Structure formats: structure tokens, C-alpha cells
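Participant: here's my sequence, what's the structure:
(chains A, B, C, D and E)
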Amino acid sequence: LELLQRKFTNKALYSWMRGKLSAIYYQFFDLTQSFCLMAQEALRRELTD
Amino acid sequence: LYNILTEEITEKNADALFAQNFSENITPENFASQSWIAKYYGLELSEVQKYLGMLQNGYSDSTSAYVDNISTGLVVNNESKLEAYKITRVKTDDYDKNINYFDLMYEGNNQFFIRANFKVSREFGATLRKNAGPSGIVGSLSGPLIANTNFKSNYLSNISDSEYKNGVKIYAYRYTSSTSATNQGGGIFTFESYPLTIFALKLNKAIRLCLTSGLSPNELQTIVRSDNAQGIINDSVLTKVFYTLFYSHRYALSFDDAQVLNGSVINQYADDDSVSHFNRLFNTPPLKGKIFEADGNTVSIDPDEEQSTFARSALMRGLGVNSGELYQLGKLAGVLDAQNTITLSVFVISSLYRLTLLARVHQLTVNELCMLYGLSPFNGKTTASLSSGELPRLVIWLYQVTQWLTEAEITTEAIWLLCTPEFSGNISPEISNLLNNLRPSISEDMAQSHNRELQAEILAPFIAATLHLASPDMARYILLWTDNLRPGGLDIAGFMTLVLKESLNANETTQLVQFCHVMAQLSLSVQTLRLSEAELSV
Amino acid sequence: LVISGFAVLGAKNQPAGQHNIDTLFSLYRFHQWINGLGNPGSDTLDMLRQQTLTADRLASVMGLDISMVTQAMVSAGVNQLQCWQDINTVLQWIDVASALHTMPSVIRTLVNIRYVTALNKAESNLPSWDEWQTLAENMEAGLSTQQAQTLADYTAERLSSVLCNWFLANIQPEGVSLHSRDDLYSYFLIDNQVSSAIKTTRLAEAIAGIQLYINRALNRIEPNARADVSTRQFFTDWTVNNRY
Amino acid sequence: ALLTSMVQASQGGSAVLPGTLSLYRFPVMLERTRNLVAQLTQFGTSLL
Amino acid sequence: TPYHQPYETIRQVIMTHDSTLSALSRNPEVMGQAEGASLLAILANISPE
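Facilitator: Residues are numbered from 1 along each chain as shown, chains lettered A, B, ... in the order given. See below for the structure:
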């Protein structure tokens, strides 16, 4: 158990890593949705519908 | 032997039947001796007395007259033919205290009484019939009543011939004081009379059946009494005997319990050296007094009733259930009346005890038995109103289902949840998630298409996700099965349209939740059965 | 819990949402109940989030009896399952009733008996004699056969002691002075200090009583014995007639 | 003997705001959004 | 004396079913509704008289 706690990839590393990734994902989703919306607007203008 | 047992006996063919059934050197009068019967049938004196009792021929003054039956022959007043009569007595309401003996004697067209006493009293006694009714007076014993002395009672009259069969004949109102009187004990008396040849033939049938089956004479007597009034033997009696033996062998029950299970009433006859089944169930030991069936009074079994009656409490202690289980049994058996009252008789108590026995022998609590009966094909029918040919079917169905459940390691609660028709009626979070995830990926166009296969293919992945199914194909086949079922009148297209609504659900929520409930039941059943996809598809 | 503002969990005379040991204990009990509810439990939680939970639904879900649940709800004074506290109270009443093999109404009747110092205040609540008898019948209806036999034996012993004391205190015969239970034994020729386990027959006890009477009379313990009668042939051979 | 079970609660979804008009034609925006969503998918896989 | 027979029967039944009042101890909601003197009468033979 003591060796498991001193591991390089202990619980703390994974926790911080996935927290940072969750924040990045949360913002990137909004950015991508905005991009898709403007692409859809461009298509609507192109088709005049 | 079957032909001997089931052949009918009439007045016109009695002589021919007797000649056929016995040797030419044996006359009906030979049945007047108990020793001859014991020698002929290979029985001891006590075994014979179990059938016939004590033969009355003018013995000493007291001598008793019941061991616990009386039977003898007398010349009819109509003509010069001899008839034979047999009377059986069941003690009741504290017969052991007071009353050395209490005999009912017959003389050809009328009956009288013989009685001794334990404790001396100065006043007289009144032999009543009902519970101190205005017309219950049937005789009077003139005093003074000194203990250990014979007494006769004035040719009882206020009683009919129809009630002489299975009818009480005493409510011994004895006056301790000039104005205070009490019931000091009594008995229920049953009387039969037949011409000598017919009596001999019936005795022959009974002895042969008891010898070849192993049943006690009283067990056969109560088997045949509960089947028909005339007390004849036919196919039904033999079927009941077989079922008694089979249940005793299978469930390891006593003969009385199996006899009750087959459809007979609880036996009350005593053997003068043992305890009756009814007394063993309800009066060992008594609470403070003796509960006896001969009441007929309506008692309320409502659990929410203040000042509960002693009879109800004795009933619960006898059956080993609380008030709520007793109410459930009353509702299930159908003996309940308006205002939740039941008539205390042998029939109703026997029905309730039969239900309790059914629950016990299969290792089921009362609630589990009620649930299984609800799921059974016999639901909607009260157990009391069951034909003689249906109770064995119900018991065999119960045995088979319980055995299957034990083998397959499925609890009764699980099967209830699998096959129940009841539902909560409220939208659950799973259904809400399913609707929320399904709305964007659907449109009105495919809702109006008539190709139900395409709609099933469209809906399969989401249904699989919301039911933890293995693959979309299994979900599609479950959906098709449900559409064939049409739970609440909703096909696939109806469900599609209901999903595509902006919460405009007045009462259609009931249809939606019923559809989802049926789908969940089917998926859970398939998962528990571990059915493969190929079998389900086929 | 958090969305509802902890109104679902409820609290005992405190504002909801507090964080102390008592709320932690309540949360542990609530989670245990939810886990033990089973597969439909999630749905039940939703019914608890709103106020649509009914007694019949809870009874069917938990597998109890409808009558028992209704009686427990009436006894506990709760008429609506608003919060977890009401459910906890109902379940506690149900469990206590089941522990005594009796319905919750009898438990409420038992609790209602109070000793309030016999006036000097508002009033003291005590059931009447008939109510006492009915309550005793209801409580005794839940026993088995062996327990009933043991209770009968205990009652017999207690009644015997009480009756012996009452007779010694209130009744004196014409010319006999008796001051103890052993005096009663010697007078009535039957032992009242025995336990209920030992059995006998009427003839055997009559024989024992008469033998004891003869032994007392012969040895000049009881005075005024008839000298002439005590010289009969039967009593002369008492060395061989004293045993059956 | 005790037992445990899973519990689920109602969950909602995201909404849509009115879009805005860019300056480029359709295919360019299509390719840019395609690259962005590919990156998003990679992020999701790493998180899982 | 006094000798309240039904009271003694009730007390004996209670003691037979659950001695030491353990079942009553683990349910404070119902136990808190009983007076101390009543609980004493349950534990020890005390008739109302």
C-alpha cells in the first residue's frame, strides 16, 4: 500500500489531470457549437432558405 | 372391490344384495352381536366399538351409553321389521367439569335423556336447544339434582326430524340458585336409522374401505359427511380419499391436515381417549374459556375495530396470524360480508384454516400467497366458491410454480414484479431521460409512416440504452413484442406521437407509463431467463 | 436533497440543511432505506421529491401490509408522507409492533396508559376493567402453544399464592387456628406450595390427603381424636396399610 | 442480508442560441468546424 | 395484594416476547411517548392500585 501511494501516477495526478481536461472540454464545447451555428447560418444564406 | 363399494343400496334390492354379498348361512340378525362381527372381520373388540360403539340391550341403571357412540336395533311400531339406529355425540362447552355422563336415548319415535352429576345442587334443570332463545326450551329435568344419580327428561319434543341430523340437543341451564342458572355442559348429537339389512351393507362397505385404506372410521365418516347429505359412497369420496393419502405422503402432513386440505371440514369427533382436531387447534390451552363453533353469531374481523371480540382473538391465535393477515384471508376466501362480519361456523373456519395450510405447506407467507393467487389463473374467484374439481388443480398449480421458483432461484417478489399488472402511474426519471434523449433524434415524418419495422429499427438503440439490454436487435424484438401486446391501446406509432408532444399530456401519461412498464417487465423477464437473441427473434 | 433545499430529509425542530452529527445520522438512515428499497426505489425517490407518495404505494413497494401501514400512520399522528421524518416514524412504529407480534393499534393503546400521580393535576388515564380484559386478550393472542402453557403455569402459581394469603387473612374456621401456608396444607390435605410442573390424578391426591390425615390423627398431633376408633384392626396394622 | 442498488435522477440537455453570420462561404466554415469537432472528440476519448 | 390479573398477563407476555426492552430501546420515537412510571410498571410488578 505504501508503494502504491508513492507512485508517480498516484490519485492526485489523475484527479488534477481529469479536472483540467473537464474544464478544457467544457469551454471547447461552447466554442465548437458556436462555430457550427455560424456554419449553419452560412449554409442558410447560400440556399436562401 | 370397487363394484362392492360404489354399488347403490335401495329398499327393493336390499335382500338380493345381502344374499350376493354374504354366505347362505349368514342372516342379517347375525349383525346383532358385536363378537360375531369381530370374529368375522378379524378385528378386536375395541376396533369394532370404534365403528358401532356400545350396543344397548337394557343394562344397569347408569352404565353410561357412549363409547363414544351408541347403536342398537329395535322393532319398528309400523310393522314387524327390526331397524337399527346409531347416535354419535360430540362434547362441548365444558362437559368435563360437571356431568358424569350425558346420554340421549331413542325409543322408536321419540327421544329422552339420561344424566348424572358431579356436584350436588338443590334446584332443577332445563334442557334447552339454542342460545337461550324464547323457543329453545326442549325439556326439563325435575330436581333435586344429587350427584351420582340417574335422571330422565320428559320426552323432548320441540325439535324436528330434519335437525335431528347434525343438530345440538342440549343447552343445560342448571339453576345454582333460585334465579341464577348457567350452562354446565352439552353435546351435539347426530342420529341415523336404517333397516337391518341396509345397515349391515353400509357397515360392510365402511369396514372394507377402512381396512384397505388405513383411515380411521371417523376420518371416513367426516369425508363422506362433507360430500353429500345421504352419506353414500361414490366416485367423489374415493377421489377425496386418494387425495388425502397423496397429500399425506407428499407434504408429510397428518391425516387430519390432509383431510382438511382435500376439501373436508375440520374434524370434531373425539375418541374418548384422545383430543379432537378442533380442540387441538383452538383449545390447547384455552385463553380463558372455550371457543366452540356452535355460535352462528356474526363477528367483525375489521382490524380497525375498537374493543375486539374474544372470538376473533382466539381465531387469530389458532391460525397463527395477526389481525391484518386474518382480514386478508377473509377477503381472499370470500366469506366476508358487508361491514366486515363473518358467521362463526365449521365451514368458514375450515376455509380459513385451509388457506393457512396452503400458505404453510409451500413455505409462503400469507402476503406471498395472496400475490401468487393474484397472478394465478384462478384470480377473480373466491376460494370458498370453488368446485370440488378445482381445488386439487389449484394446489397442483401452486406446488409446480413454487418448485420451479425454487429451482430457478427466483424469489416470489421478483416474479411478482415481473408479472404484476399494477404500476406506479407516475413518470419515472428513466422515462424522462428516454424522452429527452429521443426527442431530438426523431421527427413527425417517421411517426406517420406505416412501416412499423422501420420505426422499431429507429427506436431500438434508445430502448436498449434505457433498459440495459445487450444489443439493439434484442431491443427491437422487445419493442415488436410489446407492439403486438398493445398494453394500453398504444401501438408503436401512438408511442411515437406521444413522445412528440410539448408536455400536452392530460391523461395520456397513464398510457405512456403503462407502455414503459410493460416494456420493462418484458426486458427484465428476458434478461432473467437469459434468453438468447436467436430464440427471441424466432 | 440539495435541489429541494433538504426539505425532503427534514429535521427535528431545526431548520433544514444544517450540518451536524444528527443530520449525518439521519442521512445514513435515509440512504440505507433507499438502498434497501430495491429497483423501483429511484422512482419512489421521485415520488418523494414531489408530494404524491401514498400509503398504498409505500406498502406495495416495501412489501408490508396495507392495514399495518395505515394503523401505524394513524397511531403516529402523521397523515401525509411529506418528509423522511414521517417515513422514519411510521417504520419505527411498524417495527415495534412486529417485535411483539401485534398490530400498532395495540401498541398505541399500551403506550396511552399513563401514571400521572392519581390527580392533583389535569387527569390520569387508566383503562376500565373490561378494557383491561380486552387488551390482555389481544396481547395474549400472539403467543404460541408452549409460551401459552408457560404463561398458564406462571398464572397458576401467582393465583395460588394470592388465594392462600387472602384465605389466611380473611377466613377462620370454627375451631381451628391456622397461621401459615403449611397450616393450610395440613388442614385441607393438599399442597399449595408445589410448583406447576408436577402432575397427578384425582384418586392419587385423595389417597395422599386421607393418608396424611390418618397419620396426623394417629400420632396425637390433632387433638380430640377418638381413642376407641383408633384401635380398629385396620389402624393396628398401619405399618403395612400406609402404602398402596 | 443487505443489498444495494443504483439510483438515477432526471438530467437535462443544452440549448441553442441564435447564430451569427461570418464572412467566408460554406465549405471553408465546414472544414474549420470539422477540425474543431475532431479535436473535441479526441478530448472526450482521453477523458474516458 | 393488589393482584391485577390482566396487567400481570400483559407484563408477562411483554417480558416473554422481548426482555430487557431492547426492541423498545432502538425505537426512540415510540419510547419517548411513555411515562417513566409506566415503563417501571412494565419492568417490575406494579399494579395501578
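
Participant: and the strands in the stretch 151-300 of chain B?
Facilitator: B:167-168, B:171-175, B:181-183, B:186-195, B:298-300 (DSSP state E, counting those that start in this stretch).

Participant: now chain A
Facilitator: Taking DSSP state E to define them, one finds no strands in chain A.

Participant: in it, what residue is nearest chain B?
Facilitator: Of all residues in chain A, residue A:33 sits closest to chain B, at 13.9 Å by CB to the nearest CB. Where you see a C-beta, it was placed from the backbone N, CA and C, and this is true even at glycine.

Participant: and the gap between the spatially most central residue of chain E and chain B?
Facilitator: With distances taken as CA atoms, centre = their mean, chain E has residue E:42 as the residue nearest its mean C-alpha position (2.0 Å). From residue E:42 over to chain B the distance is 21 Å, taken as CB to the nearest CB, to the nearest Å.

Participant: contact partners for that residue?
Facilitator: E:11, E:14, E:21 (CB atoms under 8 Å, 6 or more residues apart in numbering or on different chains).

Participant: and which of these is nearest to residue C:176?
Facilitator: Closest approach between those and residue C:176, by CB to CB: residue E:11, at 37.0 Å.

Participant: now the helices for chain E?
Facilitator: Taking DSSP state H as the criterion, chain E contains helices spanning E:5-17, E:22-25, E:28-31, E:36-43.

Participant: buried residues, the last one. List them.
Facilitator: To tie it back to what came earlier, the one meant is helix E:36-43. Applying a neighbour-count criterion of 16 or more other CB atoms under 10 Å in any protein chain shown, the buried positions in helix E:36-43 are E:38, E:41, E:42.

Participant: redo these as TSV? Include distance to residue B:299.
Facilitator: Output for the buried residues of helix E:36-43, formatted as TSV (distance: CB to CB, whole Å):
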residue	distance to residue B:299
E:38	31
E:41	32
E:42	31
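
Participant: before we move on, the earlier item: which of the helices of chain E is buried the deepest?
Facilitator: helix E:5-17 (a mean of 19; mean count of other CB atoms under 10 Å in any protein chain shown).

Participant: now check that one, is it near chain B?
Facilitator: No: if you take CB under 8 Å from any CB of the partner chain as the test, helix E:5-17 misses chain B, and the best it gets is 9.6 Å.

Participant: same for that helix, what does it pack against?
Facilitator: Helices and strands touching helix E:5-17, by 3 or more CB pairs under 8 Å, 6 or more residues apart in numbering or on different chains; DSSP states H and E, are helix C:129-140, helix C:145-170, helix E:36-43.

Participant: of those, which stretch is the most buried?
Facilitator: helix C:129-140 (a mean of 18).

Participant: show residues contacting it.
Facilitator: B:287-288, B:307-308, B:310, B:313, B:317, C:100, C:102, C:106, C:109-110, C:127, C:148, C:151, E:4-7, E:9-10, E:13-14.

Participant: what's near enough to touch the nearest residue to residue B:300 once chain neighbours are set aside?
Facilitator: Distances taken as CB to CB, 6 or more residues apart in numbering or on different chains place residue B:341 nearest to residue B:300, at 5.0 Å, with adjacent residues excluded. By CB under 8 Å, 6+ apart, the contact list for residue B:341 reads B:298, B:299, B:300, B:301.
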